[PDB]
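Quick setup: one chain, the form solved without the ligand, written in structure tokens, and binding and motion questions come after.
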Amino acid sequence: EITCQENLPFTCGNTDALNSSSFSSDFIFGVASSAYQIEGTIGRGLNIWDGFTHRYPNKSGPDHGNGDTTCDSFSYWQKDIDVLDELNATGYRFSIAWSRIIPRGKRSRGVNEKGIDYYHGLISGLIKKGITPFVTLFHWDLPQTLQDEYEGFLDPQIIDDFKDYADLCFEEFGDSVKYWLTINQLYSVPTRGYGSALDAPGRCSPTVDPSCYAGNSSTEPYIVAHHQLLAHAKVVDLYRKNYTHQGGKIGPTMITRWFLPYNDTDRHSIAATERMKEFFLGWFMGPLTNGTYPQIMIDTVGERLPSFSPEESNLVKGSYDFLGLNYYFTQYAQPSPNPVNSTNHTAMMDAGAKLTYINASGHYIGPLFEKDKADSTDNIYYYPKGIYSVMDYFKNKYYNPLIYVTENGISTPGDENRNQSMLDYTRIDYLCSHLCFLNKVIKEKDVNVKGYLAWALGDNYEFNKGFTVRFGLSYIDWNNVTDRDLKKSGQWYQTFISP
């Protein structure tokens, strides 16, 4: 019988008690990255994260940081491989920058051979060290040209441009890459990119944020989400019809959270909690498992919710071999009004829920996850049991899928000096406590989880935060980015992997 801790102090950093041998022999352990966050702009065209961070520097991070140079994995990809080799990792998730291989967006405009060569060399280097690549086609970095031609995922033109990009990736890299992710965190671009305008491309209703160049936060999230699902599904169909000889697997990436009632004896909070599951997870998992959006979304969102045709429904339903599930934290849910006629209405209001990290009796859900220095009542707290609850829910609700945990990690402040930054015991605690619950759910609930990739390989540009936080298991000096030095967490993870 497995017992796992939910509160500080944690004792799962002892590899005598928790290590890779606790999991099945074939289980993959590694780390993750994304292209905007690590590569730099050298050698690629411009994408909407370049555009957004440059047009709206205060939205890029408090330091106005961006991905222009970052950790320079364009130059230092071998050093990334070296970290993975030091870890004895068996997996690495990275993304392909669309703008590096097709700078002009549309494949018929030509490819960048040198960009293709960059990923060939990375892939070959990984495989030579026994590391399985997990490759994200689209980690938010849409070529700027496509956003300017037709507003990107706002328009159905995205589907064929994404398909042709993906086809090039399968053609060039699929002989070696056997695990593909289509779109990173399906929920995020619709809501943050087109709802709150916290993320690229930065569209919203005028009264939500007067700096947005255009948008409608009530309608566009739904349009974009719908196009994401269709573009994803078209790529999965292309993969499974035209690249079956490659013997690989493909799936989407979800951001997952668990949700608990703010007041577990209040029917209204219980209802809000179940609505959140539907609106947060079901928005995408309903289509992916059934070809339809959840009924509560149909009912609430009404004419703002697009319909799938019968052909589209069939294309989207079942459009995965596995799910990449990202998991960071859990929220309490309580009811909230949905003012659909307000000029500041957002899609996110349609769930009719307010989310907190403290429940009605004043209980904080778990240890600190992210401090918010401008408003401490907005601090985020984590909840290790949430990974158990999410995986159990996916198994039970969503037809026992094959799952890889494609991100899980925690930040430390960029204000810490290097010695403090390397002494990242809070990261060991977060990672181990989640791994304990992941082992527990696999054993107790028989969830088909076959790997775990911690966020992040190394310090990088963090969307929305610049270089003001660090997520890496290895440390990068922003004054001299060449080295990636394993932190205490990376050293712990090395021991966990090879105990």
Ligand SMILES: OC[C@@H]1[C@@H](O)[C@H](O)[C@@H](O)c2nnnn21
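Start at 1 and count along the sequence shown; that's the residue number.
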Legend entry - Higher-scoring stretch by recorded Cα B factor average, 407-415 or 154-162: 407-415
Inset, instruction - Report the stretch with the higher mean CA temperature factor, choosing between 273-281 and 301-309 on the basis of the entry. - result: 301-309
Inset, instruction - Please pick out which of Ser389, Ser196, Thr343, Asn263 has the largest Cα B-factor as recorded in the entry. - result: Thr343
Inset, instruction - Go through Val236, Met254, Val208, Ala225 one by one and give the residue whose Cα B-factor in the PDB entry is largest. - result: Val208
Inset, instruction - Consider only the C-alpha atoms of the modelled residues in this chain, order them by B-factor as the entry records it, and name the third containing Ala374: lowest, middle or highest. - result: highest
Legend entry - Entry-reported Cα temperature factor of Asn439, expressed as the chain third it lands in: middle
Legend entry - B-factor third for the C-alpha atom of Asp50 within its chain: middle
Inset, instruction - Could you look up the Cα B-factor of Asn58 in the entry and say which third of the chain it sits in: lowest, middle or highest? - result: highest
Legend entry - Chain-wide C-alpha B factor ranking for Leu168, given as lowest, middle or highest third: middle
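One more form of this protein should be noted, the form deposited with the ligand bound, which is absent from this view; the next part is about it.
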Legend entry - 4.5 angstroms heavy atom contact with the ligand in the entry with it bound for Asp424: no
Inset, instruction - With heavy atoms only and a cut-off of 4.5 Å, decide whether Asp141 touches the ligand in the entry with it bound. - result: no
Inset, instruction - Tell me, yes or no, whether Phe471 is in contact with the ligand in the entry with it bound, where a contact means a heavy atom of each within 4.5 Å. - result: yes
Inset, instruction - Look up in the entry with it bound whether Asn66 has a non-hydrogen atom within 4.5 angstroms of the ligand, and give yes or no. - result: no
Inset, instruction - Pick the stretch from 224-232, 143-151, 326-334, 119-127 whose residues have a heavy atom within 4.5 Å of the ligand in the entry with it bound. - result: 326-334
Inset, instruction - Select from the listed residues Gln185, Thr273, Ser389, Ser95 the one whose heavy atoms reach within 4.5 Å of the ligand in the entry with it bound. - result: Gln185
Legend entry - Candidate from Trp455, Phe467, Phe437, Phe27 lying within 4.5 Å of the ligand in the entry with it bound - any heavy atom: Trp455
Inset, instruction - Any residue of 30-50 with a heavy atom within 4.5 Å of the ligand in the entry with it bound counts; write them all down in order. - result: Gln37
